[PDB]
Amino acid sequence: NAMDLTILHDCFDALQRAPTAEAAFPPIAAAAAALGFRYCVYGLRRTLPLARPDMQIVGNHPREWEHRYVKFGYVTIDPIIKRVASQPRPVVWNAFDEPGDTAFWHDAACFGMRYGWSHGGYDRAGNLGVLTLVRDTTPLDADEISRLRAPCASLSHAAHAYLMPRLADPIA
């Protein structure tokens, strides 16, 4: 378990030499993978579109999941977004065990988006950035959640501090 702290040490050093969102994501995804999360997704939802919320999505998620996330208009009714946008704490979810939003969780479960850890963060301009860590094999028991809080918190701060600002305002 001491290996977990090395995982984050190597991530944050790589994030010091990542001046773009293209260079900043692989460190965060590699750390999440080392923590047991097969999938690592980041979404930037901007406040200025007002008429229609726009969701910018980067991640190693299945392409067909995002394709259906787009064609079915899931940004309008995304249950994870509604839960992380209202509260500051991380949201642990299970696609087989969530109430309502039947169509959303149906597609998520069909493509491995099954057992997730999601945390939302805000920037100076009011944009919402959501880091989502998903595994496709087993939901975490509470004892594994307890030990993963600090590492996931670390990754969550890293995504909001090193990835989100370089998605919102690229150097070029």
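Note that residue numbering begins at 1 and tracks the sequence as displayed.
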Please work out which of 157-165 and 10-18 has the higher mean CA B-factor as recorded in the PDB entry.
-> 10-18
Higher mean Cα B-factor in the deposited model: 73-81 or 88-96?
-> 73-81
In this PDB entry, which of 103, 30, 130, 113 has the top CA B-factor?
-> 103
Chain thirds by Cα B factor, record data; residue 60 belongs to the lowest
Within this chain's modelled residues, let me know which third the CA B factor of residue 38 belongs to: lowest, middle or highest.
-> lowest
Could you say whether, by C-alpha temperature factor, residue 52 belongs to the lowest, middle or highest third of its chain?
-> highest
Split the chain's modelled residues into thirds by Cα B-factor; residue 138 lands in the middle
Residue 45 CA temperature factor, ranked by third within the chain = middle
